[PDB]
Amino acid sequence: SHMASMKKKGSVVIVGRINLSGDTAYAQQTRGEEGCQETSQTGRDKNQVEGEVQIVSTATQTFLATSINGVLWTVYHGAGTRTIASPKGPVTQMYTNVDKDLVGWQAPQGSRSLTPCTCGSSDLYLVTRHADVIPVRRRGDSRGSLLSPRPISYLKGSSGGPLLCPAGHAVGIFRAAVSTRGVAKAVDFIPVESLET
């Protein structure tokens, strides 16, 4: 029938991480494509989670998610209303605010949270899904300028990742980017004051 044939939307799945625990940032893959698709459909992820910044995927998109204040945060435009796969099955969001482009799930067991930044620094560092660390000069509360011209493609897929201060605290999570003739010029982020329940 029509209703028998209705497909169920799958879960966000953790497929990797951006390791920030030593003197060198680097990306790690923890699931390949077939395992991602299977875990999206079941909602059951028995991998052990580590760290603060996760690489996440749906059936159709990949982006980042960052734990702050005991919640794994990402962008609504990547995750929508989806559950996240976990060792106990799919986990429903505990925070959803489309108006901030923001969602959150309770942080996975075994993860760690970044500390909110209280520095008021304007020297920021954007962490990409390739573990590039991009200097950004803060312009107000939710925005920053890129110091050096990079093609916008270098930033695609990095929404949900952190902006860090010089001390490595979280200033916000990356939401959107502004470019001119293909060159990324500025970034827009969800400030950390909002990354709390």
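Heads up: residue numbers just count along the shown sequence, starting at 1.
Annotation for 74-82 versus 109-117: the higher mean temperature factor (C-alpha) is found in 109-117. Per the PDB record, of the two stretches 37-45 and 155-163, 37-45 carries the greater mean B-factor over its C-alpha atoms.
As recorded in the PDB entry, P149 shows the highest C-alpha B-factor of the residues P135, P149, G144, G172. In this structure the maximum Cα B-factor among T30, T60, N69, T66 is found at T60. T96: CA B factor in the lowest third of modelled residues in this chain (values from the PDB entry).
In the deposited entry, the Cα temperature factor of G104 sits in the bottom third of values across the chain's modelled residues.
Annotation for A184: C-alpha temperature factor in the highest third relative to the rest of the modelled chain, per the entry. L20: CA B factor in the highest third of modelled residues in this chain (values from the PDB entry).
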